[PDB]
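To start, the structure itself, in structure tokens.
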Amino acid sequence: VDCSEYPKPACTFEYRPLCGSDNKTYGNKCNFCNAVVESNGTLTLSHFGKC
Amino acid sequence: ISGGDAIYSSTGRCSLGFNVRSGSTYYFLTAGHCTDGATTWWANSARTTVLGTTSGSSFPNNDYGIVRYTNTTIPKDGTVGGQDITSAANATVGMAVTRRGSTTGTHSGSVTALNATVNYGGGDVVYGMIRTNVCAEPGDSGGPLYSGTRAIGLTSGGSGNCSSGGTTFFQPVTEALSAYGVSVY
């Protein structure tokens with residue numbers, strides 16, 4: 001996952017989880033990438049799937 | 001199984017919008033972004049209970065899809081959780097609505113705008129959407145938006161979350177019904 005085209009003002013809501021370096025499960029890639037932007041690039045991907 | 005319940009495809013989990021039928025053929029509606037590229041759907045994460053197979057899918061532009069039931073014994077309730085649905089209606093600004101989804105459950109709010117354009121990026125743009133102040137989170141895609149016993153829309157997407165508040169867009173269900181020649185029951 002590349003969050004380069006983020007942020008996005010809206011995300012669809014299917015669930016395909018990713019596990020962030022903050023130990024939070026992100027519900028989909030769009031949600032994860034908007035969070036990376038919001039953290040100003042400090043959040044990273046820990047692994048695919050739930051945390 | 002009824003509106004708002006989890007549905008699983010090969011790729012992830014969405015929510016069932018509404019159970020609908022044409023003649024003697026039963027189907028369920030859900031979001032097009034969930035039906036896109038999915039063939040078979042199941043009722044559980046283990047994929048042991050089959051529901052059926054995708055029969056139509058419209059996304060982007062619109063955001064609806066329909067799955068034809070192949071499972072003969074599963075109960076196909078014409079409700080949303082326990083709520084009965086008896087008809088479909090057009091959304092209006094100011095209308096109180098309720099959404100149900102497989103991740104967040106039931107949340108209420110109101111329609112704040114019609115015919116909105118939502119750009120999910122990469123050329124995925126959807127038009128004609130209902131905007132509301134109801135929250136939603138991943139997994140809630142495709143679930144029903146209803147008002148009383150009236151079917152109004154299918155959850156498509158948005159921002160924010162249920163803890164802090166959000167904005168969610170829904171595909172008008174009337175359009176899907178029409179496209180597929182099916183009706184709620």
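Starting from 1 in every chain, residues are counted up; chains themselves are A, B, ... following the order of the structure tokens, and ligands are numbered from 1 as listed.
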
Quick one: contact table of chain A to chain B, 12 Å max, nearest atom pair and distance in Å to one decimal per residue, counting only C-alpha atoms, chain and number order, as a tab-separated table?
residue	atom	partner	partner_atom	distance
A:3	CA	B:121	CA	12.0
A:4	CA	B:121	CA	11.5
A:5	CA	B:121	CA	8.1
A:6	CA	B:121	CA	9.0
A:7	CA	B:121	CA	9.7
A:8	CA	B:120	CA	6.8
A:9	CA	B:159	CA	6.9
A:10	CA	B:158	CA	4.6
A:11	CA	B:157	CA	5.4
A:12	CA	B:157	CA	4.0
A:13	CA	B:138	CA	4.1
A:14	CA	B:139	CA	4.7
A:15	CA	B:139	CA	4.3
A:16	CA	B:12	CA	5.2
A:17	CA	B:12	CA	8.5
A:18	CA	B:138	CA	11.5
A:25	CA	B:138	CA	10.8
A:26	CA	B:138	CA	8.4
A:27	CA	B:138	CA	5.0
A:28	CA	B:138	CA	6.6
A:29	CA	B:138	CA	9.9
A:30	CA	B:120	CA	8.9
A:31	CA	B:138	CA	8.1
A:32	CA	B:138	CA	10.8
A:34	CA	B:159	CA	9.8
A:35	CA	B:160	CA	11.0
A:49	CA	B:12	CA	10.7

Keeping N, CA, C and O atoms, export the residues of the selection given above as a compact mmCIF listing (two decimals), in the first residue's frame.
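Result file follows (part34.txt):
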# COMPACT_ATOMS: atom_id res chain seq x y z
N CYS A 3 0.17 5.38 -0.18
CA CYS A 3 -0.83 6.40 0.18
C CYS A 3 -0.52 7.67 -0.58
O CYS A 3 -0.77 8.76 -0.12
N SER A 4 0.02 7.51 -1.76
CA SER A 4 0.34 8.74 -2.44
C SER A 4 -0.87 9.52 -2.95
O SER A 4 -0.86 10.75 -3.01
N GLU A 5 -1.94 8.85 -3.34
CA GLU A 5 -2.95 9.75 -3.79
C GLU A 5 -3.88 10.20 -2.68
O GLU A 5 -5.08 10.47 -2.93
N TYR A 6 -3.34 10.31 -1.46
CA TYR A 6 -4.17 10.72 -0.35
C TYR A 6 -3.75 12.05 0.04
O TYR A 6 -2.64 12.41 -0.26
N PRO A 7 -4.57 12.76 0.76
CA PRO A 7 -5.85 12.32 1.22
C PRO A 7 -6.94 12.38 0.18
O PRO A 7 -6.86 13.08 -0.89
N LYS A 8 -7.99 11.66 0.61
CA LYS A 8 -9.24 11.54 -0.13
C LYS A 8 -10.33 11.98 0.78
O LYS A 8 -10.32 11.69 1.96
N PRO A 9 -11.27 12.72 0.27
CA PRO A 9 -12.35 13.26 1.07
C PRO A 9 -13.43 12.21 1.47
O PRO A 9 -14.20 12.40 2.42
N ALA A 10 -13.42 11.08 0.77
CA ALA A 10 -14.34 10.06 1.16
C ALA A 10 -13.75 8.72 0.86
O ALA A 10 -12.94 8.61 -0.05
N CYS A 11 -14.21 7.72 1.63
CA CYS A 11 -13.76 6.38 1.37
C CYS A 11 -14.99 5.50 1.24
O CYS A 11 -15.94 5.73 1.97
N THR A 12 -14.91 4.41 0.47
CA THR A 12 -15.99 3.43 0.48
C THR A 12 -15.83 2.64 1.80
O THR A 12 -14.79 2.72 2.46
N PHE A 13 -16.82 1.85 2.19
CA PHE A 13 -16.82 1.19 3.46
C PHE A 13 -16.83 -0.30 3.45
O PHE A 13 -17.49 -0.92 4.31
N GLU A 14 -16.08 -0.94 2.55
CA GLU A 14 -15.93 -2.39 2.60
C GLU A 14 -14.88 -2.67 3.72
O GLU A 14 -14.06 -1.81 4.12
N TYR A 15 -14.85 -3.85 4.23
CA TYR A 15 -13.90 -4.16 5.27
C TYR A 15 -12.84 -5.12 4.76
O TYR A 15 -13.18 -6.25 4.37
N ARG A 16 -11.57 -4.68 4.74
CA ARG A 16 -10.40 -5.51 4.32
C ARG A 16 -9.30 -4.93 5.15
O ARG A 16 -8.64 -3.97 4.73
N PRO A 17 -9.18 -5.44 6.36
CA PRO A 17 -8.34 -4.73 7.35
C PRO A 17 -6.84 -4.78 7.16
O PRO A 17 -6.30 -5.72 6.61
N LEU A 18 -6.19 -3.75 7.68
CA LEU A 18 -4.73 -3.55 7.74
C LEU A 18 -4.36 -3.17 9.18
O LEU A 18 -5.13 -2.49 9.88
N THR A 25 -6.34 -1.59 14.16
CA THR A 25 -6.81 -2.17 12.92
C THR A 25 -7.56 -1.08 12.13
O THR A 25 -8.45 -0.44 12.66
N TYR A 26 -7.15 -0.81 10.87
CA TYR A 26 -7.75 0.14 9.91
C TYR A 26 -8.61 -0.70 8.97
O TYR A 26 -8.20 -1.73 8.52
N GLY A 27 -9.82 -0.27 8.78
CA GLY A 27 -10.86 -1.10 8.12
C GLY A 27 -10.64 -1.34 6.65
O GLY A 27 -11.20 -2.31 6.09
N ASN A 28 -9.90 -0.42 6.02
CA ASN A 28 -9.60 -0.60 4.64
C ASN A 28 -8.46 0.27 4.29
O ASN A 28 -8.08 1.13 5.05
N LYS A 29 -7.94 0.11 3.11
CA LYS A 29 -6.83 0.90 2.71
C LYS A 29 -7.10 2.40 2.65
O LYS A 29 -6.23 3.22 2.96
N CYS A 30 -8.29 2.80 2.21
CA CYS A 30 -8.61 4.24 2.17
C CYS A 30 -8.64 4.84 3.58
O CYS A 30 -8.08 5.92 3.84
N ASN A 31 -9.22 4.08 4.52
CA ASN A 31 -9.19 4.62 5.88
C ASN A 31 -7.78 4.72 6.41
O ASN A 31 -7.38 5.72 7.06
N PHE A 32 -6.96 3.68 6.12
CA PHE A 32 -5.55 3.64 6.61
C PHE A 32 -4.73 4.80 6.03
O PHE A 32 -4.08 5.57 6.73
N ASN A 34 -5.77 7.70 4.83
CA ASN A 34 -6.18 9.02 5.30
C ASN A 34 -5.61 9.29 6.69
O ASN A 34 -5.24 10.43 7.03
N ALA A 35 -5.49 8.23 7.47
CA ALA A 35 -4.90 8.33 8.78
C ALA A 35 -3.41 8.60 8.66
O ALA A 35 -2.84 9.32 9.46
N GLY A 49 -4.16 -7.51 7.38
CA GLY A 49 -5.02 -8.19 8.35
C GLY A 49 -5.21 -7.37 9.60
O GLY A 49 -4.61 -6.34 9.83

Sel. of helix (DSSP H, G or I) residues, chain A, as an MDAnalysis selection string: chainID A and resid 29:38

Atomic separation - atom CA of residue B:105 relative to atom CA of residue B:69, Å: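 Atom CA of residue B:105 lies at a distance of 23.6 Å from atom CA of residue B:69.
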
What are the DSSP strand (DSSP E) residues of stretch 4-56 of chain B, as a PDB file with N, CA and C atoms, in the first residue's frame?
ATOM      1  N   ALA B   6     -23.883  -9.094   8.038  1.00  0.00           N
ATOM      2  CA  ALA B   6     -22.650  -9.241   7.287  1.00  0.00           C
ATOM      3  C   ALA B   6     -22.778 -10.175   6.088  1.00  0.00           C
ATOM      4  N   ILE B   7     -22.066  -9.810   5.052  1.00  0.00           N
ATOM      5  CA  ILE B   7     -21.913 -10.645   3.861  1.00  0.00           C
ATOM      6  C   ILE B   7     -20.397 -10.686   3.538  1.00  0.00           C
ATOM      7  N   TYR B   8     -19.925 -11.841   3.082  1.00  0.00           N
ATOM      8  CA  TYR B   8     -18.511 -12.018   2.772  1.00  0.00           C
ATOM      9  C   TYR B   8     -18.295 -12.528   1.369  1.00  0.00           C
ATOM     10  N   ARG B  13     -15.568  -7.973   3.649  1.00  0.00           N
ATOM     11  CA  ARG B  13     -16.880  -8.098   4.198  1.00  0.00           C
ATOM     12  C   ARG B  13     -17.687  -6.841   3.967  1.00  0.00           C
ATOM     13  N   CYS B  14     -18.955  -7.026   3.548  1.00  0.00           N
ATOM     14  CA  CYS B  14     -19.850  -5.853   3.357  1.00  0.00           C
ATOM     15  C   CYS B  14     -21.095  -6.142   4.183  1.00  0.00           C
ATOM     16  N   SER B  15     -22.192  -5.401   3.973  1.00  0.00           N
ATOM     17  CA  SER B  15     -23.423  -5.657   4.654  1.00  0.00           C
ATOM     18  C   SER B  15     -24.505  -5.892   3.587  1.00  0.00           C
ATOM     19  N   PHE B  18     -30.911  -4.839   1.179  1.00  0.00           N
ATOM     20  CA  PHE B  18     -32.297  -5.261   1.357  1.00  0.00           C
ATOM     21  C   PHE B  18     -32.526  -6.553   0.590  1.00  0.00           C
ATOM     22  N   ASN B  19     -33.373  -7.440   1.128  1.00  0.00           N
ATOM     23  CA  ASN B  19     -33.795  -8.647   0.404  1.00  0.00           C
ATOM     24  C   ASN B  19     -34.918  -8.199  -0.558  1.00  0.00           C
ATOM     25  N   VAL B  20     -34.854  -8.624  -1.807  1.00  0.00           N
ATOM     26  CA  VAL B  20     -35.772  -8.172  -2.858  1.00  0.00           C
ATOM     27  C   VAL B  20     -36.128  -9.371  -3.731  1.00  0.00           C
ATOM     28  N   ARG B  21     -37.162  -9.233  -4.532  1.00  0.00           N
ATOM     29  CA  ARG B  21     -37.483 -10.395  -5.354  1.00  0.00           C
ATOM     30  C   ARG B  21     -38.122  -9.976  -6.636  1.00  0.00           C
ATOM     31  N   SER B  22     -38.120 -10.917  -7.575  1.00  0.00           N
ATOM     32  CA  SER B  22     -38.775 -10.749  -8.836  1.00  0.00           C
ATOM     33  C   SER B  22     -39.416 -12.112  -9.127  1.00  0.00           C
ATOM     34  N   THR B  25     -38.037 -15.280  -7.705  1.00  0.00           N
ATOM     35  CA  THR B  25     -36.597 -15.293  -7.590  1.00  0.00           C
ATOM     36  C   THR B  25     -36.212 -14.263  -6.582  1.00  0.00           C
ATOM     37  N   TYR B  26     -35.464 -14.743  -5.602  1.00  0.00           N
ATOM     38  CA  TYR B  26     -34.965 -13.916  -4.545  1.00  0.00           C
ATOM     39  C   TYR B  26     -33.499 -13.480  -4.781  1.00  0.00           C
ATOM     40  N   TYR B  27     -33.293 -12.196  -4.401  1.00  0.00           N
ATOM     41  CA  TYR B  27     -32.012 -11.635  -4.475  1.00  0.00           C
ATOM     42  C   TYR B  27     -31.779 -10.713  -3.290  1.00  0.00           C
ATOM     43  N   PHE B  28     -30.540 -10.231  -3.167  1.00  0.00           N
ATOM     44  CA  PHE B  28     -30.312  -9.140  -2.203  1.00  0.00           C
ATOM     45  C   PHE B  28     -29.515  -8.061  -2.877  1.00  0.00           C
ATOM     46  N   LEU B  29     -29.770  -6.818  -2.476  1.00  0.00           N
ATOM     47  CA  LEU B  29     -29.030  -5.719  -2.984  1.00  0.00           C
ATOM     48  C   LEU B  29     -27.929  -5.406  -1.980  1.00  0.00           C
ATOM     49  N   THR B  30     -26.832  -4.866  -2.500  1.00  0.00           N
ATOM     50  CA  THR B  30     -25.746  -4.383  -1.696  1.00  0.00           C
ATOM     51  C   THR B  30     -24.998  -3.304  -2.472  1.00  0.00           C
ATOM     52  N   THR B  40     -19.017 -15.180  -5.741  1.00  0.00           N
ATOM     53  CA  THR B  40     -19.810 -15.888  -4.728  1.00  0.00           C
ATOM     54  C   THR B  40     -19.795 -15.111  -3.435  1.00  0.00           C
ATOM     55  N   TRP B  41     -20.904 -15.205  -2.733  1.00  0.00           N
ATOM     56  CA  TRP B  41     -21.058 -14.576  -1.429  1.00  0.00           C
ATOM     57  C   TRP B  41     -21.417 -15.611  -0.375  1.00  0.00           C
ATOM     58  N   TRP B  42     -20.911 -15.398   0.841  1.00  0.00           N
ATOM     59  CA  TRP B  42     -21.256 -16.288   1.928  1.00  0.00           C
ATOM     60  C   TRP B  42     -21.800 -15.494   3.124  1.00  0.00           C
ATOM     61  N   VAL B  50     -23.176 -20.643   2.019  1.00  0.00           N
ATOM     62  CA  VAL B  50     -23.247 -19.922   0.794  1.00  0.00           C
ATOM     63  C   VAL B  50     -24.519 -19.121   0.803  1.00  0.00           C
ATOM     64  N   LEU B  51     -24.510 -17.926   0.131  1.00  0.00           N
ATOM     65  CA  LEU B  51     -25.711 -17.163  -0.004  1.00  0.00           C
ATOM     66  C   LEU B  51     -26.142 -17.220  -1.438  1.00  0.00           C
ATOM     67  N   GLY B  52     -25.214 -16.862  -2.325  1.00  0.00           N
ATOM     68  CA  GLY B  52     -25.508 -16.892  -3.728  1.00  0.00           C
ATOM     69  C   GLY B  52     -24.411 -16.265  -4.590  1.00  0.00           C
ATOM     70  N   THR B  53     -24.734 -15.902  -5.862  1.00  0.00           N
ATOM     71  CA  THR B  53     -23.760 -15.346  -6.748  1.00  0.00           C
ATOM     72  C   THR B  53     -24.185 -14.002  -7.347  1.00  0.00           C
ATOM     73  N   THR B  54     -23.209 -13.142  -7.520  1.00  0.00           N
ATOM     74  CA  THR B  54     -23.462 -11.839  -8.108  1.00  0.00           C
ATOM     75  C   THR B  54     -24.157 -11.962  -9.464  1.00  0.00           C
ATOM     76  N   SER B  55     -25.205 -11.171  -9.663  1.00  0.00           N
ATOM     77  CA  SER B  55     -25.992 -11.131 -10.921  1.00  0.00           C
ATOM     78  C   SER B  55     -25.898  -9.817 -11.617  1.00  0.00           C
ATOM     79  N   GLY B  56     -25.454  -8.776 -10.836  1.00  0.00           N
ATOM     80  CA  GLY B  56     -25.303  -7.470 -11.444  1.00  0.00           C
ATOM     81  C   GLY B  56     -24.479  -6.581 -10.572  1.00  0.00           C
TER      82      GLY B  56
END

Shortest interatomic distance to residue B:32 - which of B:2, B:86, B:183, B:171, counting only C-alpha atoms: B:171

Residue contacts of residue B:172 (6 Å, only C-alpha atoms) excluding same-chain residues fewer than 2 positions away, as a ChimeraX atom specification: /B:153,174-175

Atom pair atom CA of residue B:92 / atom CA of residue B:117: separation (Å): 16.4 Å

Long-range neighbours of residue B:83 as number ranges by chain, 12 Å cut-off, only C-alpha atoms, 6 positions minimum in chain: B: 2-4, 18, 77, 98-100, 106, 144-151

For the residues selected in the previous step, produce a file with C-alpha atoms as a PDB file, in the first residue's frame.
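The resulting file, part.pdb, is shown below:
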ATOM      1  CA  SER B   2     -31.808  -9.552   6.838  1.00  0.00           C
ATOM      2  CA  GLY B   3     -30.767  -6.010   5.983  1.00  0.00           C
ATOM      3  CA  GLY B   4     -27.621  -4.879   7.741  1.00  0.00           C
ATOM      4  CA  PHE B  18     -32.297  -5.261   1.357  1.00  0.00           C
ATOM      5  CA  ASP B  77     -36.388 -11.837   5.817  1.00  0.00           C
ATOM      6  CA  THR B  98     -31.614   5.150  10.018  1.00  0.00           C
ATOM      7  CA  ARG B  99     -28.783   3.005   8.795  1.00  0.00           C
ATOM      8  CA  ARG B 100     -27.808  -0.510   9.863  1.00  0.00           C
ATOM      9  CA  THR B 106     -27.821   0.937  13.896  1.00  0.00           C
ATOM     10  CA  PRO B 144     -29.669  -0.254   4.280  1.00  0.00           C
ATOM     11  CA  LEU B 145     -30.736   3.272   4.894  1.00  0.00           C
ATOM     12  CA  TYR B 146     -34.382   3.297   5.837  1.00  0.00           C
ATOM     13  CA  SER B 147     -37.024   5.494   7.384  1.00  0.00           C
ATOM     14  CA  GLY B 148     -39.658   3.734   9.345  1.00  0.00           C
ATOM     15  CA  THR B 149     -40.873   0.867   7.091  1.00  0.00           C
ATOM     16  CA  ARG B 150     -39.528   2.679   3.966  1.00  0.00           C
ATOM     17  CA  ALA B 151     -36.410   1.538   2.109  1.00  0.00           C
TER      18      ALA B 151
END

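If you count only C-alpha atoms and ignore residues fewer than 3 places along the chain from stretch 19-21 of chain A, what sits within 7 Å of it is residues 24, 25, 26, 43, 44, 45, 46, 47, 48, 49, 50 and 51 of chain A.
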
For the selection just defined, write its residues with N, CA, C and O atoms to a file, as an mmCIF file, in the first residue's frame.
data_model
loop_
_atom_site.group_PDB
_atom_site.id
_atom_site.type_symbol
_atom_site.label_atom_id
_atom_site.label_comp_id
_atom_site.auth_asym_id
_atom_site.auth_seq_id
_atom_site.Cartn_x
_atom_site.Cartn_y
_atom_site.Cartn_z
ATOM 1 N N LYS A 24 -3.565 -0.121 15.788
ATOM 2 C CA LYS A 24 -4.969 -0.032 15.479
ATOM 3 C C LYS A 24 -5.268 -0.764 14.172
ATOM 4 O O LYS A 24 -4.547 -0.583 13.207
ATOM 5 N N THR A 25 -6.340 -1.586 14.160
ATOM 6 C CA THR A 25 -6.813 -2.171 12.918
ATOM 7 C C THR A 25 -7.562 -1.079 12.127
ATOM 8 O O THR A 25 -8.448 -0.441 12.656
ATOM 9 N N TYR A 26 -7.148 -0.808 10.866
ATOM 10 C CA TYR A 26 -7.751 0.145 9.907
ATOM 11 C C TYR A 26 -8.615 -0.697 8.972
ATOM 12 O O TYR A 26 -8.199 -1.733 8.515
ATOM 13 N N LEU A 43 2.540 7.475 10.831
ATOM 14 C CA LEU A 43 1.927 6.130 10.968
ATOM 15 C C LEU A 43 2.397 5.267 9.825
ATOM 16 O O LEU A 43 2.406 5.777 8.675
ATOM 17 N N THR A 44 2.736 4.022 10.110
ATOM 18 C CA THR A 44 3.099 3.124 8.992
ATOM 19 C C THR A 44 2.341 1.804 9.076
ATOM 20 O O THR A 44 1.677 1.522 10.068
ATOM 21 N N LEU A 45 2.501 0.991 8.025
ATOM 22 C CA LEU A 45 1.827 -0.329 7.999
ATOM 23 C C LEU A 45 2.640 -1.353 8.718
ATOM 24 O O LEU A 45 3.820 -1.558 8.439
ATOM 25 N N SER A 46 2.044 -1.971 9.691
ATOM 26 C CA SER A 46 2.687 -3.003 10.466
ATOM 27 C C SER A 46 2.502 -4.342 9.729
ATOM 28 O O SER A 46 3.468 -5.001 9.339
ATOM 29 N N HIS A 47 1.277 -4.712 9.394
ATOM 30 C CA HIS A 47 1.073 -5.897 8.547
ATOM 31 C C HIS A 47 -0.349 -5.913 8.019
ATOM 32 O O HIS A 47 -1.137 -5.090 8.483
ATOM 33 N N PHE A 48 -0.638 -6.817 7.043
ATOM 34 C CA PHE A 48 -1.953 -6.919 6.493
ATOM 35 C C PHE A 48 -2.835 -7.740 7.419
ATOM 36 O O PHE A 48 -2.315 -8.532 8.222
ATOM 37 N N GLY A 49 -4.165 -7.509 7.384
ATOM 38 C CA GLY A 49 -5.016 -8.192 8.348
ATOM 39 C C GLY A 49 -5.213 -7.370 9.597
ATOM 40 O O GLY A 49 -4.605 -6.337 9.830
ATOM 41 N N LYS A 50 -6.042 -7.856 10.491
ATOM 42 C CA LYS A 50 -6.269 -7.175 11.760
ATOM 43 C C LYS A 50 -5.047 -7.209 12.629
ATOM 44 O O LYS A 50 -4.220 -8.124 12.567
ATOM 45 N N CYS A 51 -4.975 -6.281 13.532
ATOM 46 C CA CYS A 51 -3.874 -6.244 14.458
ATOM 47 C C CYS A 51 -4.047 -7.367 15.500
ATOM 48 O O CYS A 51 -5.170 -7.733 15.877
#
